[PDB]
Structures are given as structure tokens and as C-alpha cells.
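> Pasting an experimental structure with its sequence.
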Amino acid sequence: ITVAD
Amino acid sequence: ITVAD
Amino acid sequence: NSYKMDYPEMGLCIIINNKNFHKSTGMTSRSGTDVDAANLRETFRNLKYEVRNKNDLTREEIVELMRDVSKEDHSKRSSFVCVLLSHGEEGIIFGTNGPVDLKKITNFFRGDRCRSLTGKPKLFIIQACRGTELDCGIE
Amino acid sequence: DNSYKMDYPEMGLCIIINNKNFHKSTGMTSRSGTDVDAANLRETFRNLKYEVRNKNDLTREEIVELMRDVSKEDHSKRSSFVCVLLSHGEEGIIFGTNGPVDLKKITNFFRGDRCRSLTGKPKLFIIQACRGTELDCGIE
Amino acid sequence: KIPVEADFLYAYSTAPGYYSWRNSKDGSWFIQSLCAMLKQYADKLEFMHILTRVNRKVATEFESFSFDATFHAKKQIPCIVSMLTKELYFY
Amino acid sequence: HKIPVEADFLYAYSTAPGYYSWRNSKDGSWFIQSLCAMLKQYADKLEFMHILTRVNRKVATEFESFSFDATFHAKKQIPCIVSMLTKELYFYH
């Protein structure tokens, strides 16, 4: 799943 | 002669 | 690959050339910018652009100029070019009476905000100070 | 003259800073997946013949000091210099495992007047990090 | 003389002011795309054309997947910032 | 199947972030002088990104500030390409 930096 | 923008 | 450039028109080239400012602002008159604005006109004419010179605009004529250009039908043009010649500082362009955010001018041409230009190269040439640091070189 | 001279004896250094785990007092999550990146970077730049130096979970102090020491090595026989930062950040700012560092300070060690063995050679900085909180919703 | 700021190249993973996206098992979008594109082209292509191909890959192939609707269906365009003075080839 | 909204912009700044930009009172600004010359010379042989790299080298190597004010004299300029393009850009066929 995609996440923010 | 050369001037700042 | 490469962007599509075989459209009917190559595209609009907007030159905003501000050289005289209001006295209330106290920035200097920018000599030589006419030499710049004329060089631009001839060069892009050779790139087959529909060049439009504009001269000495308030910070509001700039916003409103750009908004009008954003709502034109660009469907038959290949690209879009804008040149700005003026005083500035990081993130900010100066109309003849005061500052405009750069992102404000450019937001009119976002992919969701200017459909006839979606997927097409939007170029922005900016001659303006981005602050007050000086480069002293090396060697 | 239109191309950087690249046939120096060495390609140059490729520093990888892989910050995965941050101290809770910063209020930043862990960066699951960054090890895959740090390893993909290692193998890819080893095939381009760089001297990859991987480093993990540095504090903001460690990063300034690592960069300072690398800029003081003799890069005389080196073509270019690469640096990858993998971390959280904001605009202008990259995060050590305990707080933010201004980017201008990492890079200024390598200014043309501050690291002469790299004057006139390309200095590359790959930055995987956030630059703010706006979201691109796109357009179909 | 040359400017002390010349010959830097900054390859940002995202537009100024925006989030950057990472997949929890595969890696960040930018570094996956950069490594793929260097593996494919570092012996045929100048560096800016490789990074331009990284922009297209990220921009057209990735779309954020999140259980938090606030962070879901989001896109990323990377940002090349070049104060380089010459072209760059890895051979 | 969409694309980011900031995509396909190009920002060709005349100078690095935080810095003065130099203009000549008779000949025009270093950057626009060098941009037009490089476009005249190379837009039927070179992709745009490479033209601007030549524009970088022209400004970088050949221009140096001349001022009666020692503060602003003997100073340099490096221009700043900021590309969010996604394809190569050619002006010919």
C-alpha cells in the first residue's frame, strides 16, 4: 500500500 | 554597465 | 518519445515586459529590457509562434491578462510559452505596482484548469531576481 | 566541452543516506519500503561503476558531519559526485532521525569555492522526500 | 571564473510543495522509476532525457492507493532542477 | 488513467534560487541574451533541454558583472532549469 514522505 | 533585477 | 509539435499552430508566446514602475514602489527603471523583449519577439517568430508583446502592466493587469489567455481555446496549438521580464524575489514577480505570486499566474494552466492545454508543454521563461545573494565565482 | 569529462580514473562517490526509523519525538512514521530503494540504488549505481557508500538512520548531526568529511576528501581523480537522500521532509528541509536539516547546508559543502577537487564536475543530488502537504488529484 | 552554484543538479521526487509517495513493499515511486530508467538507458541517453523519462513513468503509471480517502487516488510529478553547464553521459 | 496537474510545466529561471539576476543596461539581460542566441543557433539540431544547458554554459562562463559599486562588481550568474516535462521537446520536424 502507498504512503506519504 | 550591469545592474541587479 | 517526443511531444507532438505538428499541430496547425505552434502556439502562443506571451511576453510581459515591465520596465517602468510606480514611484510609490521605489524600484528602478529596468534599462535594456526592451532589447530583451525585441530579441524574444524575433526569435520565437522564427520558431513560428504567435508572439504577443505586452508592456508595463500592473500586478492586476498581469493576473487578468493571464486568466484571459488561460480560457482561450488552445485545441489546435502545439505548446504554450510565457516570458516575464521584471524585478522579483523568490516565488514572486513584480507588476508595475507590486508583487504577484508566481504560482498564481501559473495555476491557470494546470491540467485540471486548462483542458485545451492538457498534455502539452507549458514553458515559462523568467528574467527576475530570486533574492539578494551574490555569486563571487571561483578560479 | 559540451559533455562533462567522464573518463577520469573513477566515476566518483555515490553516498546513499537511508533514513528508515525516526525518534518518536519528531512525530514521524517509519518509512516502510526505503530498504528496497536503498538496495535498488546500490545495485544500479554499482553497474554504472560508482563507489557506493550506503549509510543508515543518521541523525541531523551525523548527516552534516558525513557530508562535511566527504567534501574534504580528494576528488581529484573522480569524474562526478552523487548523493541520494531518502527521508521525510518539507520544502528545503530533509529529516535526520531526530529533526530537520536545511538542504542548502548539505549542498553548500560542495560549492565551487568550497570543494575545489569537484569544481567543474557534476554534483548530483537525488532527493526522495516530501516537499509540503499539497495533493495532486490529477485530471483524466 | 564560474558561479559557485554552477554544476549542481537536483533531482526532486515531486513538485515543489507536494507530498511524495512511497509504496510500503515496493519502494518509492521516484526511486523505482529512476533505477528502471537508468538500467534501461544509461548507455544510450543523456541524463536529462533519462530523468524526463522518469517524469513520464511516475506521472502516467502510478496512482496512490490508500484506505484513507484523503490520501487516495493521488498523483506525483517529479522535479528536475539543473544548474549544470554541460551534458552528462555515463560512458 | 490520469496525469498529475502540475505535469508538463517547464520553469526556465534566469538565476539560482535566492540570487540576483544580472541585466546589461545597453545589451539586455544575460539570460535572455544567451537564450535567444542559443535558440537561433541550435533549435534545428538540439532538444530544448540541451539548448538550455548551452544557455547555462554561456551565462556561466562568458558573463561577469561590471559595476562602479564594488559590492556588485565581478559577480557571476548560473541559470536554473526546473522541468516537469514528460517528453522531449523539439522545434523542428
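Structure received. Numbering: from 1, shown residues only, chains lettered A, B, ... in the order given.
> Please see if stretch C:48-58 touches chain B.
No. Between stretch C:48-58 and chain B, judged by C-beta under 8 Å from any C-beta of the partner chain, nothing touches; the nearest distance is 15.6 Å. In short, each C-beta sits where N, CA and C put it, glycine included.
> Give me the contact list for that stretch.
For stretch C:48-58, the surrounding residues in contact (C-beta atoms under 8 Å, 6 or more residues apart in numbering or on different chains) are C:9-20, C:37, C:40-41, C:44-45, C:65, C:81, C:95-97.
> One more: stretch C:16-23?
By C-beta under 8 Å, 6+ apart, the residues outside stretch C:16-23 that reach it are C:27-31, C:33-34, C:36-37, C:53-57, C:62, C:65, C:82-87, C:94-97.
> hmm, 6 Å instead?
If you take C-beta atoms under 6 Å, 6 or more residues apart in numbering or on different chains as the criterion, stretch C:16-23 is touched by C:27, C:29-30, C:33, C:37, C:54-56, C:84-86, C:96-97.
> roughly how far apart are residue C:111 and residue E:79?
16 Å (C-beta to C-beta, to the nearest Å).
> In terms of neighbours, single out the busier of those two.
Taking other C-beta atoms under 10 Å in any protein chain shown, residue C:111 and residue E:79 do not tie; residue C:111 has more neighbours (27 against 24).
> Pull the contacting residues for the more buried one.
Contacts of residue C:111 by C-beta under 6 Å, 6+ apart are C:118, D:139, F:5.
> nearest to residue A:5, of those residues?
Nearest to residue A:5 out of the contacts of residue C:111 is residue F:5 (C-beta to C-beta; 19.5 Å).
> Isn't that closest one up against residue C:110?
Yes. At 4.4 Å, residue F:5 and residue C:110 qualify as touching, with contact defined as C-beta atoms under 6 Å.
> ok, back up a step: let me know the closest of the contacts of residue C:111 to chain B.
residue F:5 (29.9 Å; C-beta to the nearest C-beta).
> which SS class is the closest one?
Here residue F:5 is recorded as coil under DSSP: H, G, I helix; E, B strand; the rest coil.
> Neighbours of residue C:61, how many?
Residue C:61: 15 neighbours (other C-beta under 10 Å).
> Now do the SS call for it.
Applying three-state DSSP to residue C:61 yields a three-state assignment of helix.
> Tell me the spatial nearest neighbour of it, not counting adjacent residues.
Spatial nearest neighbour of residue C:61, excluding adjacent residues (C-beta to C-beta, 6 or more residues apart in numbering or on different chains): residue C:95 at 7.1 Å.
> With residue E:46 instead?
residue E:87 is the one closest to residue E:46 (C-beta to C-beta, 6+ apart), at 5.1 Å.
> For beta bridges, what are the partners of that neighbour?
Beta-bridge pairing for residue E:87 (DSSP bridges): residue D:3.
> can you pull the contacts of it?
Residue E:87 touches D:2-3, E:46, F:53, counting by C-beta under 6 Å, 6+ apart.
> now, among the contacts of residue C:111, which is nearest to residue B:1?
The nearest member of the contacts of residue C:111 to residue B:1, counting by C-beta to C-beta, is residue F:5 at 43.4 Å.
> mind listing what residue 79 touches?
Chain wasn't specified; assuming chain C. C:11, C:120-121.
> You answered for a different chain; I wanted chain E.
By C-beta under 6 Å, 6+ apart, the contact set of residue E:79 is E:12, E:15.
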